[PDB]
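Down below is the structure, laid out as structure tokens.
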Amino acid sequence: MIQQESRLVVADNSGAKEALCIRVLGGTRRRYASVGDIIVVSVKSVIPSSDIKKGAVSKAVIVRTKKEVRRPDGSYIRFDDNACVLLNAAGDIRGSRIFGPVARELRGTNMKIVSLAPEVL
Amino acid sequence: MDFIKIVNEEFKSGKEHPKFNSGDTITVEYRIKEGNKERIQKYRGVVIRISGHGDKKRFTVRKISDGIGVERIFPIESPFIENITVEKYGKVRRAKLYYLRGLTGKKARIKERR
Amino acid sequence: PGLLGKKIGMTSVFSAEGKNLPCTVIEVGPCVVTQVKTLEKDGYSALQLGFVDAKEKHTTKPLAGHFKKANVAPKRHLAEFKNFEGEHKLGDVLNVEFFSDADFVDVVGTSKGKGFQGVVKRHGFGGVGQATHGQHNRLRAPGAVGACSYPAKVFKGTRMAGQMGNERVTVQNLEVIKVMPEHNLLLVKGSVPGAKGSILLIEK
Amino acid sequence: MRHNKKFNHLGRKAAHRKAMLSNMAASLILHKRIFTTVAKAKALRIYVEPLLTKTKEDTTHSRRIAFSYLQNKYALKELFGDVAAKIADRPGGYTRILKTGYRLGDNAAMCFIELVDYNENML
Amino acid sequence: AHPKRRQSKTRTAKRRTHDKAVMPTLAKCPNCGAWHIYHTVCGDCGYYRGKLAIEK
RNA sequence: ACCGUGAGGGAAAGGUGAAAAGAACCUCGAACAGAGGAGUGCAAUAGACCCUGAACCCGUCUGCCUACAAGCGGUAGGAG
RNA sequence: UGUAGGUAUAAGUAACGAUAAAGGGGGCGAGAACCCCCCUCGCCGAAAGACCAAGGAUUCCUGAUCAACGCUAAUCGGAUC
RNA sequence: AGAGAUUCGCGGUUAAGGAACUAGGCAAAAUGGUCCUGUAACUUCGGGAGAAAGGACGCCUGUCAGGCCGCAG
RNA sequence: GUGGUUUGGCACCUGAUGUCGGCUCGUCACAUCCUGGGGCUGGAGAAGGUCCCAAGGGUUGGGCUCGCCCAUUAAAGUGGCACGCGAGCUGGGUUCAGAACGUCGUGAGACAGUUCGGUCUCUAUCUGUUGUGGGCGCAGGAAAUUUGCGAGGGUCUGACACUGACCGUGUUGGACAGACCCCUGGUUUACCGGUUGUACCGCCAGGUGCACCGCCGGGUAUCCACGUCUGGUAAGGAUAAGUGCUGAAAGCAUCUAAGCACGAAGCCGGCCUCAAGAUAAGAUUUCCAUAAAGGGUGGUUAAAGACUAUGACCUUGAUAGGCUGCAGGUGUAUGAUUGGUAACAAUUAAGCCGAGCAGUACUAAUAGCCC
Ligand SMILES: [K+]
Ligand SMILES: [K+]
Ligand SMILES: [K+]
Ligand SMILES: [K+]
Ligand SMILES: [K+]
Ligand SMILES: [K+]
Ligand SMILES: [K+]
Ligand SMILES: [K+]
Ligand SMILES: [K+]
Ligand SMILES: [K+]
Ligand SMILES: [K+]
Ligand SMILES: [K+]
Ligand SMILES: [Mg+2]
Ligand SMILES: [Mg+2]
Ligand SMILES: [Mg+2]
Ligand SMILES: [Mg+2]
Ligand SMILES: [Mg+2]
Ligand SMILES: [Mg+2]
Ligand SMILES: [Mg+2]
Ligand SMILES: [Mg+2]
Ligand SMILES: [Mg+2]
Ligand SMILES: [Mg+2]
Ligand SMILES: [Mg+2]
Ligand SMILES: [Mg+2]
Ligand SMILES: [Mg+2]
Ligand SMILES: [Mg+2]
Ligand SMILES: [Mg+2]
Ligand SMILES: [Mg+2]
Ligand SMILES: [Mg+2]
Ligand SMILES: [Mg+2]
Ligand SMILES: [Mg+2]
Ligand SMILES: [Mg+2]
Ligand SMILES: [Mg+2]
Ligand SMILES: [Mg+2]
Ligand SMILES: [Mg+2]
Ligand SMILES: [Mg+2]
Ligand SMILES: [Mg+2]
Ligand SMILES: [Mg+2]
Ligand SMILES: [Mg+2]
Ligand SMILES: [Mg+2]
Ligand SMILES: [Mg+2]
Ligand SMILES: [Mg+2]
Ligand SMILES: [Mg+2]
Ligand code: NA
Ligand SMILES: [Zn+2]
Numbered sequence: 001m002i003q004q005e006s007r008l009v010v011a012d013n014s015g016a017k018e019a020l021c022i023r024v025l026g027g028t029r030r031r032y033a034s035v036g037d038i039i040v041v042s043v044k045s046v047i048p049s050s051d052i053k054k055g056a057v058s059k060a061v062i063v064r065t066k067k068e069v070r071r072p073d074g075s076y077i078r079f080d081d082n083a084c085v086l087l088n089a090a091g092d093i094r095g096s097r098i099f100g101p102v103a104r105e106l107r108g109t110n111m112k113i114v115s116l117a118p119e120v121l
Numbered sequence: 001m002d003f004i005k006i007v008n009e010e011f012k013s014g015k016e017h018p019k020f021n022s023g024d025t026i027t028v029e030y031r032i033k034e035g036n037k038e039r040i041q042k043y044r045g046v047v048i049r050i051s052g053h054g055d056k057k058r059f060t061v062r063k064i065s066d067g068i069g070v071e072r073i074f075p076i077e078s079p080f081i082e083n084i085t086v087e088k089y090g091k092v093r094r095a096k097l098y099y100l101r102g103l104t105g106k107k108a109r110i111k112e113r114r
Numbered sequence: 002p003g004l005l006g007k008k009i010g011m012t013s014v015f016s017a018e019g020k021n022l023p024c025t026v027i028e029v030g031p032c033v034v035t036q037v038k039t040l041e042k043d044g045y046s047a048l049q050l051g052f053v054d055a056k057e058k059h060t061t062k063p064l065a066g067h068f069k070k071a072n073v074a075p076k077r078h079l080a081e082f083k084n085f086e087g088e089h090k091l092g093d094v095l096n097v098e099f100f101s102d103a104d105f106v107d108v109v110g111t112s113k114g115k116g117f118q119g120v121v122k123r124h125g126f127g128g129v130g131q132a133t134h135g136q137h138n139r140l141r142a143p144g145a146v147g148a149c150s151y152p153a154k155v156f157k158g159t160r161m162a163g164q165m166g167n168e169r170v171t172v173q174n175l176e177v178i179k180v181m182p183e184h185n186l187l188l189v190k191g192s193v194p195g196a197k198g199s200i201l202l203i204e205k
Numbered sequence: 001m002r003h004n005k006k007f008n009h010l011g012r013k014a015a016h017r018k019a020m021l022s023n024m025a026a027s028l029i030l031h032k033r034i035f036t037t038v039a040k041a042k043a044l045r046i047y048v049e050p051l052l053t054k055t056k057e058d059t060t061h062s063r064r065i066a067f068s069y070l071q072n073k074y075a076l077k078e079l080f081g082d083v084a085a086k087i088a089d090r091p092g093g094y095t096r097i098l099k100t101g102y103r104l105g106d107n108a109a110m111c112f113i114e115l116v117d118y119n120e121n122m123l
Numbered sequence: 002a003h004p005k006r007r008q009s010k011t012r013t014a015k016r017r018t019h020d021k022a023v024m025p026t027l028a029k030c031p032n033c034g035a036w037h038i039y040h041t042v043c044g045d046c047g048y049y050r051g052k053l054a055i056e057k
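Residue numbers (the authors' numbering), protein chains in the order written: chain N, 1 to 121; chain S, 1 to 114; chain E, 2 to 205; chain Q, 1 to 123; chain 4, 2 to 57.
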């Protein structure tokens, strides 16, 4: 459950470390974003000598969330942090690596390229 | 008569499983659908909570992958559970181990029973 | 058309393709035809049905005579239904096999009663101001109820505090999961209004 | 709402209510019949009969568990002696409540609660 | 907050229409022969439902 | 009297009966609390707050009207 | 927006003045939630315990009384004699 | 004395988020004890300073070491 | 020419008609922001421009204080209602007493100015509105099941795929609303456990009181949303703007005057709830006076409830409690063996609770009195 002014961990190898959620996309008065949802973010901190600069506005897709998520098979999954991966203008990954696990929900949302992660759960 | 009990018996699903408690370390084999070829995935971790009534119970298993804690809630009656194995028995002093979230490394260990 | 029924409770089942479903169990039970109404005598066509067997200790003499005319044992709950696809005589039995071919049903019941409730719970009013920042005593207050001296009145239909719940509610298009004629049981997907033990009308 | 909430608060805080119920239980055990308001007696009937059921197992454990409710040595002695001897072989329903009238000062509905085995005219 | 007019005697009496004193529920003692409150111990003789309850 | 530290300010309140002859005694009631009698007296609905005993205001009884009806409440018609 | 006295209306309504708390058994009595005795419970305890002074002026003790006073009743009282 | 509607007074807990509230972090939350380390710019050389920032804390046994219990000393 | 929403003119109402913006709650209009239907185009398609018909429903969150900016959305419309709404809120702004700067004045002081600080009273009588009862009537007395004169609600919309498109197609979300607690998540001063200080039960053990429920960890039923199901949809009929057929007046023409086809989220319906005090008081079945024909008062109570009202049961009774078993909460009590020098650990196996379910007359539910 991510909303405006939430803070997320950036889970790729682009220089961004943390992001602040500006907007949840996909409708008037849409409050919460879950795994697989597209959001607009602002970059809050970067590692030294990074491609993207601190303060840039980008798009991202949520890959980990602390609030538990229900699957149609009656099971649930939750993580210890809220983490997202940055996207360029076209909608491709800005980076080359993914750190930590990724929800299995990312498969149907045209993020099979994200699904090349250390573990899909 | 017991209509709810009759309904539960009529729709009973899943398989028998070995006894386990909170604090035990288990491995669950879960059937997943990777496009078309159905696969089996292994999830190993510590049971931190069991709740529910009878055969409609749910149990929560916690593991740590890449320094990120993951929790999964499974129904006991789930037809997607192929097998449950109890790797080790843990000794604890409470029903729900919610204190394990704020722990890592050797501070999150659980003493084995025997 | 339809029958009477009693809500038992809720459970969860797994469908054939491994989907967890929340189910409501309804004891539909045998309903007997207590009266037949006609266009030529009443002004419309309907079947009156009685549901739960009653002893003579709890049946008034007018009701007892009404049942004796139809040659049935006294019942506790009666209700009318319309548009039956067939002919049904006085004093005959209908069971939950009536719903065997049905895919979706409508359930009519009486919701649980909340008593007197304020505008926040009854109507989702936002509340006046914040919990702090100068709040005195209007945290759960309605606010303004009118527009000064030009109407100089409160309009009819203004949303206010009052009794909430304990009223007739319909839920439509509940999918039927299973029919058990050996136990007079009907399984539907979802929730029906009312508490356990309340009487329902199940429409095909 | 109070749907399926099954004890009377009796216009008191929790500690005061528990202390009053314990005192009333001790008074009923010592003097086999006491006079009180109807609502208090109906609460006491809920409170005190599981305490009398504990005397069907004369053990140190049951004595200590009963003392946890009572905290009264004389009440405990009388209860595990003569009261227990009298209420052996009765499967519950050890008490009886009979209404009597109203008080002058507040028009409170009055009654008395007694142990059924110490009244002789009521068989 | 304030009455614009004083109320007339008629208006006051119309409101007081529903002020009444409740009649007690009295039963007769078939044996003793006196009045007592129904579902209550008859205080004259101490009997209740044919059995002695309060011993004088 | 009361009010004010003080200088000071500053009320309300008359009438049994000619004569106390001011009601022994009885009944209800825990009690004169009060009343109903008896007795005194021209009179007690003169009984102690007592001559006379108005209005506003408050009751009971009797007669007529009144639960499909809408504004200064009356006025002029008019059945029962 | 006149003065004194009496009586209304709002109305059997607001309120009965710290959320430290009460329960039972006996006594007296025409009458008891509240008065007296006993048991249990709770509150204060650098006080809400014990003293000096200012100020008050019989409120102190006992017997009768429950009209008025006591924000209820009272057989009780710092109330009346 | 009952009863345990709305609403108000005084309090308690709260998933995910964490000032997005608001004129304003108002109110609340948080910090907080003893001992040991270690403390910047600036300065009127006294200060700033308890700056900041870290660590230990229960019970048992033995001349600080070993052991034991709990989510938490 | 229209309007009265800007700046004005007039001075007719006012022993107080008492305040800008924001919040809350709305309601109305259309001069239409989006969605729906059309005429024209200097309209090839694709989007655009302009005009007509149309007001049903919708019409975001922030950094700043009319307007600018950031990110979205189908869209982020314009106005009226004492510039809607302070006996509903706030008090940032504004009329007050303190103080300071600039400017003006000899001075007291003043200002198209600026700046820091600065009490928002009232127990709802009538009417209005939301709920809920008593009486009588219909009706000689009743128990039920109903028809619907009418009233209210509901009506939103995106993306994608197949055939730079017409049309047709399906697969799915966002928001909003209703119900519900199997699931997830909250509460849970019922309940269970750990632990600090202190007091008491000679001592100890075991408890208990108090310290915010002392603190801490859990937590069933109930109540809930952050959860789960369900819904909005088409157009049945008459139509608006427009498109046509046959056709005189006016031998030609003409969508029209007699006629006939279509054609909108708009109107009346379908759907949901209320509804015969609808005094036009409707209909159908059955029973009719006294015991339990119908009730009242009463009792045991409830998933019903402010009081009422309503539901179940009242002894040939499972209504509530207790009792006996379970589902379940908590987590291994007291003691005894067993090891340790101890703090402690293992077995015996737990104990306590059980608002839920099942069984059982032990307790309480007296047909007494009144229509
Ligand atoms: K008006
Ligand atoms: K209980
Ligand atoms: K005279
Ligand atoms: K004279
Ligand atoms: K007079
Ligand atoms: K007249
Ligand atoms: K005046
Ligand atoms: K005395
Ligand atoms: K205004
Ligand atoms: K309608
Ligand atoms: K539940
Ligand atoms: K619960
Ligand atoms: Mg209710
Ligand atoms: Mg709020
Ligand atoms: Mg204030
Ligand atoms: Mg307040
Ligand atoms: Mg209370
Ligand atoms: Mg306490
Ligand atoms: Mg009244
Ligand atoms: Mg007297
Ligand atoms: Mg005279
Ligand atoms: Mg006179
Ligand atoms: Mg009429
Ligand atoms: Mg009439
Ligand atoms: Mg005046
Ligand atoms: Mg009033
Ligand atoms: Mg006052
Ligand atoms: Mg009051
Ligand atoms: Mg002196
Ligand atoms: Mg004295
Ligand atoms: Mg008095
Ligand atoms: Mg004295
Ligand atoms: Mg929270
Ligand atoms: Mg949290
Ligand atoms: Mg802000
Ligand atoms: Mg804001
Ligand atoms: Mg502060
Ligand atoms: Mg003039
Ligand atoms: Mg005036
Ligand atoms: Mg106003
Ligand atoms: Mg000044
Ligand atoms: Mg200040
Ligand atoms: Mg849960
Ligand atoms: Na139970
Ligand atoms: Zn008798």
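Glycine included, C-beta positions come from ideal geometry on N, C-alpha and C.
Residue i (DSSP reduced to helix, strand or coil)
i, result
"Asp-12 (chain N)", "strand"
"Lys-42 (chain S)", "strand"
"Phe-105 (chain E)", "strand"
"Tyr-49 (chain 4)", "strand"
"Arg-31 (chain N)", "coil"
"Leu-70 (chain Q)", "helix"
Nearest-angstrom Cα separation, counted from residue j out to residue i
i, j, result
"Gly-69 (chain S)", "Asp-92 (chain N)", "27 Å"
"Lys-111 (chain S)", "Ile-64 (chain S)", "18 Å"
"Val-47 (chain S)", "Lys-197 (chain E)", "34 Å"
"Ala-19 (chain Q)", "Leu-123 (chain Q)", "33 Å"
"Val-106 (chain E)", "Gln-173 (chain E)", "7 Å"
"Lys-113 (chain E)", "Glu-168 (chain E)", "8 Å"
"residue 1 (chain E)", "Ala-65 (chain E)", "The first residue shown for chain E is 2 and the last is 205, placing residue 1 (chain E) beyond what the model contains."
"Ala-35 (chain 4)", "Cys-46 (chain 4)", "10 Å"
Residue from the options with nearest C-alpha to residue i
i, options, result
"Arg-113 (chain S)", "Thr-25 (chain S), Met-1 (chain S) and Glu-9 (chain S)", "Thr-25 (chain S)"
"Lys-205 (chain E)", "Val-14 (chain E), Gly-147 (chain E), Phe-99 (chain E) and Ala-132 (chain E)", "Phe-99 (chain E)"
"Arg-49 (chain S)", "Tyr-99 (chain S), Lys-107 (chain S) and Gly-14 (chain S)", "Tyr-99 (chain S)"
"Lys-17 (chain N)", "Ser-49 (chain N), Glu-105 (chain N), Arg-30 (chain N) and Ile-2 (chain N)", "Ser-49 (chain N)"
"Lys-42 (chain Q)", "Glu-57 (chain Q), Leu-52 (chain Q), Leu-21 (chain Q) and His-31 (chain Q)", "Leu-21 (chain Q)"
"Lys-5 (chain S)", "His-53 (chain S), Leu-97 (chain S) and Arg-58 (chain S)", "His-53 (chain S)"
"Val-40 (chain N)", "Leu-8 (chain N), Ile-47 (chain N), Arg-71 (chain N) and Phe-99 (chain N)", "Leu-8 (chain N)"
| field | Length at least 3, wholly inside the region 111 to 178 of chain E: the beta strand (DSSP E) runs in chain order | value | 114 to 118 and 163 to 166
| Inside the region 3 to 49 of chain Q only - alpha helix (DSSP H) runs reaching at least 4 residues | 14 to 30
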